[PDB]
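In the form deposited in one PDB entry, a lone chain appears below as structure tokens.
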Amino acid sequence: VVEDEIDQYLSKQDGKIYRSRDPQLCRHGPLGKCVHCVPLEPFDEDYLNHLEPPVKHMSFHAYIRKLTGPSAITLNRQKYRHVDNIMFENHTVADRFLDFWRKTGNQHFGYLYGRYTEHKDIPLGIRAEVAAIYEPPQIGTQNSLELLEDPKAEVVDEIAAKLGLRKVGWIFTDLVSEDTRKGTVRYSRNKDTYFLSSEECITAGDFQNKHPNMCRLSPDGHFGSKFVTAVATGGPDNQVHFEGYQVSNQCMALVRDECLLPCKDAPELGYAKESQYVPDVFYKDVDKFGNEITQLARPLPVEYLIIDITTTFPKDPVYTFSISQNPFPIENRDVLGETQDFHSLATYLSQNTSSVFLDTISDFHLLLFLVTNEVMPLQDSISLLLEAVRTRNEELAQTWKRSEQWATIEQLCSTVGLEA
């Protein structure tokens, strides 16, 4: 069992925070060390709590480094994170997703496709970089999501893999218009209600189980997960905002063992099973007193299962894929009269005659269509082009353009247009 390349980068990296002397509060020669200059552990809560913004979960690698280099379950608020930040490459990746809710008024589901990189801001921290959002077959309503069967689910995964990408998590909307003059949205998820349902916590835990973090220090070989979960809801300003979560490892275990239950008409709480024997399950809560009040997890406020993860839009944006003024359409959107077929591609390619062909072709959703469409599936000769995209290799793109297979895509579009 072999860890991710980022977990192999991280384990071979010094996590400390070094300091030369400080001017006023150091009491020794230029060479000596003392409690005020000796380096800082990547798990020291003092350092983290006093950052801006104050961090309250150490990095996972900061945690196992902290560990000196049918009984009853008791849940504590978890002191470490698996992913430390979710960074959308750019606002366009996330706005085109919300486009589905703006058009239909139904909530919408996506899969975050991107990569795991270093998050240099936080000691040993991991960042999840979101580069595409795959929208699968699904039925949405005003007040509910439903996943449909995805025949292409793992052809998608195979294409993205040759793009440098993997599923880093999922996204859903919970968006409701507030003010229909101003164009605002309700601010429904806050301290006084909830940020993630018991419902959504169980499915979060399910996804995290189904997507385990490989780790050489576990007998299972699995431990934790890097599968983040992202919410699009109105914010305190009644504008759409994105919120990053994960669910505690303890909470993964409950869902794995089918012990976690939702509460009806109570999203902010969830049940724990009674009998299938169930070790009684507790949690070490926080009151007002400051007494470590232990309680029985029937009910359980979901907040003792949820892990905040910062969501960033970078000051300098990244473009794994290209921004068209009139982009190729996204999958599963015929509902809104916006379909992927050879008419679309024909007008897409005509619109981009004067463009760098690498930019024109560097679209995730286009690439899925090219490989999986049923008129002409380029399912086997796309490897060449997938690599031109992953690499921003313009010469490598220009040659594939001269392929037999691309020529016939092009005479297809040409006679589609010739029939118009």
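Just count from 1 along the sequence shown to find any residue number. Under this definition, the rigid core comprises the largest set of C-alpha atoms superposing within 1.5 Å between the forms.
Chemist: Do any residues of the deposited sequence lie unmodelled between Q325 and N326, and which range holds their number: none, 1 to 3, 4 to 9, or 10 or more?
Modeler: According to the record, the chain runs unbroken from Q325 to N326.
Chemist: If I compare the deposited sequence with the modelled residues, how many are absent between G29 and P30: none, 1 to 3, 4 to 9, or 10 or more?
Modeler: Missing in between: none.
Chemist: Can you tell me whether 15-23 has a higher mean C-alpha B factor than 406-414 in this record, or the other way round?
Modeler: Mean C-alpha B-factor is greater for 15-23.
Chemist: Should the higher mean CA B-factor in the entry be assigned to 286-294 or to 225-233?
Modeler: Per the PDB entry, the higher value belongs to 286-294.
Chemist: Could you check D157, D84, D280, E243 and tell me which one carries the biggest Cα B-factor in the deposited entry?
Modeler: Among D157, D84, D280, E243, the highest C-alpha B-factor in the entry belongs to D280.
Chemist: Between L254, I309, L217, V176, where does the Cα B-factor run highest in the record?
Modeler: Of the candidates given, the C-alpha B-factor peaks at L217.
Chemist: Could you place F369 in the lowest, middle or highest third of its chain by Cα temperature factor, using the values in the record?
Modeler: Lowest third of the chain for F369's C-alpha B-factor.
Chemist: Split the chain's modelled residues into thirds by Cα B-factor; is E135 in the lowest, middle or highest one?
Modeler: According to the entry, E135 has a C-alpha B-factor in the chain's lowest third.
Chemist: Ranking the modelled residues of this chain by C-alpha B-factor as given in the entry, is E394 in the lowest, middle or highest third?
Modeler: For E394, whose C-alpha B-factor we compare with every modelled residue in the chain, the answer is the middle third.
Chemist: Just say lowest, middle or highest third for the CA B-factor of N332 relative to the other modelled residues in its chain.
Modeler: According to the entry, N332 has a C-alpha B-factor in the chain's lowest third.
Chemist: When the deposited Cα B-factors of this chain's modelled residues are ordered and cut into thirds, is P301 in the lowest, the middle or the highest one?
Modeler: Highest third.
There is also a form solved in complex with a partner chain; it is not shown, and the following applies to it.
Chemist: Tell me which of 308-316, 73-81, 261-269, 120-128 has residues with heavy atoms within 4.5 angstroms of the partner chain in the deposited bound form?
Modeler: That would be stretch 261-269.
Chemist: Identify which of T339, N190, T294, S144 has a heavy atom within 4.5 Å of the partner chain in the deposited bound form; exactly one of them does.
Modeler: The residue in contact is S144.
Chemist: What is the one choice in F100, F328, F195, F172 with a heavy atom within 4.5 Å of the partner chain in the deposited bound form?
Modeler: Only one option qualifies, and that one is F172.
Chemist: I'd like to check something about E199: if you look in the deposited bound form, is any of its heavy atoms closer than or equal to 4.5 Å to a heavy atom of the partner chain?
Modeler: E199: contacts the partner chain in the deposited bound form.
Chemist: Please check if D150 has a heavy atom lying within 4.5 Å of any heavy atom of the partner chain in the deposited bound form.
Modeler: Flag for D150 set to no.
Chemist: At 4.5 Å between heavy atoms, is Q107 in contact with the partner chain in the deposited bound form?
Modeler: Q107: contacts the partner chain in the deposited bound form.
Chemist: Is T203 one of the residues lying within 4.5 Å of the partner chain in the deposited bound form, judged by heavy atom distances?
Modeler: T203 belongs to the contact set for the partner chain.
Chemist: Have a look at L336, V286, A153, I139 and give me the residue whose C-alpha moves 2 Å or more between the shown form and the other one, with the fit done on the rigid core.
Modeler: The displaced C-alpha is that of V286.
Chemist: Once you overlay the rigid core, does the Cα of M376 travel 2 Å or further between the shown form and the other one?
Modeler: No, because once the rigid core is superposed, the C-alpha of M376 moves less than 2 Å between the shown form and the other one.
Chemist: With both forms fit on the core, has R392 moved 2 Å or more by CA between the shown form and the other one?
Modeler: No.
Chemist: Answer yes if the CA of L51 moves 2 Å or more between the shown form and the other one after aligning the rigid core, and no otherwise.
Modeler: The answer is yes; the displacement is at least 2 Å.
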